[PDB]
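Here the structure comes first, spelled out in structure tokens, and everything after it is commentary.
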Amino acid sequence: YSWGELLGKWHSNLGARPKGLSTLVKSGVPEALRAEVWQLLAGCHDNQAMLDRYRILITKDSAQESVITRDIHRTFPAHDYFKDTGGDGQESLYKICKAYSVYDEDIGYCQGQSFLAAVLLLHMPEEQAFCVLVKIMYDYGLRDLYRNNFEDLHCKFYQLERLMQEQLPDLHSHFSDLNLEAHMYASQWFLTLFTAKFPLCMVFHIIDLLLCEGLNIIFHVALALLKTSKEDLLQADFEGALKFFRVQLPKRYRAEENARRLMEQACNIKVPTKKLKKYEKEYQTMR
């Protein structure tokens, strides 16, 4: 089945996902089609109200200049589009982040959010990147992870640990012996959607899957990463395991072949909503 046939049908029934979308996203959106598909998946249709709002938000001043500026100078600094500090990429990135800090009047701009903005900007006009970023934060519930001094993120750490305990017991046993807990290695995984440390070709694939199947995909990729790395991690001590996550693990998905396979593995791995429910309740009652 093809993206050509699928988009043809999508465009003739705008408010409804056509069949076979999931199987196609699983293999990955062709780079060339991402601007269009991502905006379809997120329910962005060249909105005029949002365009006019954005043009006003980029004229307002933000409290988080310094947090944004800090993040921008370290967002994909080896990529040609973002390398130089006076460049059009960084400027556009600045406008997006500044517009989000004003748009979201409870959370504002969050540390590491510029990595996600950048991924979107690479594929679409600045302003469209803003709209998809707003969608991901609000509709896909990414901003809720930050809410309440990170309440729901902590819940999500518990869930991954219980999933690991059920699906990777040897690794869970070894992590238990080391007191290596999920909040030490998995915070950027959940908060930045891997865009904080992982390679562009890897994270583009992540955005494909997230926008289609929602935030639960992070569980799938986290577990696939842990599974493929089992033997490295099993021989690691405390400091080694963290150094492995922060430095060695990202380098392994720099190429399109290794990124494609990991997403395949992530999609074969089952994270039943029921089981997530179970663990969420377990956690909820604790506090």
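Numbered according to PDB author numbering, the sequence shown spans residues 511 to 797. Backbone N, C-alpha and C define an ideal beta-carbon position, used for all residues, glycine too.
Taking the Cα of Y650 as reference, the smallest distance to any Cα among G599, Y511 and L725 is reached at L725. Every alpha helix (DSSP H) stretch that sits fully inside the region 761–788 and reaches 4 residues is listed by chain position as 766–778. In this structure, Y564 keeps its C-beta atom at 9 Å or more from the C-beta atom of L673. Judged by beta-carbon spacing, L543 lies within the 9 Å limit of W513, meaning their Cβ atoms are closer than that value. With a threshold of 16 other beta carbon atoms within 10 Å, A552 meets it and is buried. Within the same chain, Cβ atoms closer than 7 Å to the Cβ of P540 are found at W513, the five residues on either side in sequence being excluded. Judged by their CB atoms, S572 and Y619 are nearer to each other than the 9 Å cut-off. Per DSSP, the unbroken alpha helix (DSSP H) holding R544 starts and ends at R544 to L551.
Here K645 is buried: its Cβ has 16 or more other Cβ atoms, across all protein chains shown, within 10 Å.
Taking the Cα positions, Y648 is about 13 Å away from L701. Spatial neighbours of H633 in its own chain (CB-CB distance under 6 Å, excluding positions within 5 residues in sequence) are listed in chain order as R544 and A545. Closest option to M773, judged by alpha-carbon separation, among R797, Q758, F704 and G750: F704.
Counting only the Cα atoms, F640 lies some 43 Å from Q745. With contact defined as three or more Cβ pairs closer than 8 Å, the region 589–599 and the region 675–682 are not in contact. The distance from the Cβ of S624 to that of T585 is about 5 Å, consistent with a contact at the 8 Å cut-off.
Boundaries of the alpha helix (DSSP H) around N659: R657 to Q677. The C-beta separation of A769 from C711 comes to about 5 Å, placing the pair in contact by the 8 Å criterion. Nearest to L690 by alpha-carbon distance, out of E767, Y668 and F708, is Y668. Under the DSSP assignment, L719 falls in the alpha helix (DSSP H) whose first and last residues are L710 to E723.
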